[PDB]
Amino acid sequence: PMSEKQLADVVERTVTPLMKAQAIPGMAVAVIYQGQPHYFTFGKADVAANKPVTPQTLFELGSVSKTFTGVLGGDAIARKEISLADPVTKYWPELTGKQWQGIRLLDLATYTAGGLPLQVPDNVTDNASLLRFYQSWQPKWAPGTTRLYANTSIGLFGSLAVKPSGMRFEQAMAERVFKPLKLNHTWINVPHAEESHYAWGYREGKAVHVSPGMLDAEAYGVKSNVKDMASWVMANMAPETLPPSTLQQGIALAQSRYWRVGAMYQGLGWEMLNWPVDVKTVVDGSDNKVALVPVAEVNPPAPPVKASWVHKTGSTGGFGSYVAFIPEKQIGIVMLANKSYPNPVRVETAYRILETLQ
């Protein structure tokens, strides 16, 4: 096996030229190897203040948040509070339009409603306007037949999935996911007392934080540090080491295979490819296209496959994050950066580091 010094050299030799070429001010990396997290930090969390990235620096996870939403939804299924087969209208009866007949929680969770768009419009700022948005939406294809990656899809899934619990989404996430996993520095809203740890993001050289928006918490709103994110990867890679619970069951539901697009399988938030797989296949299987694509159904959904590359990319205006793991090999990686840089580059960087552990 690689020593800690050998692993540090692999990470540093990869990340240093990457950060220079991409103008990424700061990165935090965790490698999961031999059952242990290994932390590596680089650069600046706050350029103007010359504050370094540390293992306590909070980054915006952007769409990596969808993995938390998927697991929380899986937990609600395991609690018997919701079923993926339930109609959307069971949880939002005001969605009376005929286009909503036949659309299920499954379709919201996995982007198969028939072309719900990527973003909630910024001018939609309350529930009355959000209702009008969904009631005006016209699908392009029948439900359960196409994939279009969308915050309006999985974001609405998360909001509806928590309704039987009596808690708002943020409360439910804290009580049912963050707290049982001891993710005590993972936040949907960064508390005032934690702001000193919150990195700035950088877009066109300017310091930025994610803007508020409807469904933000559900689709892109989690902030976390590299230590909690390493714990999140460990819990999802080896849920059998957790005590028996609805959360453990929900982790399994989120890594179940519901649809296939090419070499990618869609979970709840998580996405998977069968392992072994070449890096070019992972890159080609992780583009969320602007246009709709057809899907193949996995019926019934297939339970988690240990021989998988499991991953999620995510960004905000100022941040770029990536998590990936291979349960068969018990290796994984977290890369948090305070600039958004291309998703294929995140995959290539992660794949190269993980390949040295094999």
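Sequential numbering from 1, following the sequence displayed.
For the two regions 182 to 190 and 274 to 282, the entry's Cα B-factors average higher over 274 to 282. Higher mean CA temperature factor, per the PDB entry, when comparing 215 to 223 with 93 to 101: 93 to 101. In the deposited coordinates, the residue among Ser231, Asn151, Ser196, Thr110 with the greatest CA B-factor is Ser196. For the set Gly114, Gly269, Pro117, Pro87, the PDB entry assigns the largest Cα B-factor to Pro87. Annotation for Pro342: C-alpha temperature factor in the middle third relative to the rest of the modelled chain, per the entry. Among the modelled residues of the chain, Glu328 sits in the highest third by CA temperature factor in this PDB entry.
The PDB entry assigns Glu60 a C-alpha temperature factor belonging to the lowest third of its chain's modelled residues. Per the deposited record, the Cα B-factor of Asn288 falls in the middle third when ranked against the other modelled residues of its chain. In this PDB entry, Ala23 carries a Cα temperature factor that places it within the middle third of its chain's modelled residues.
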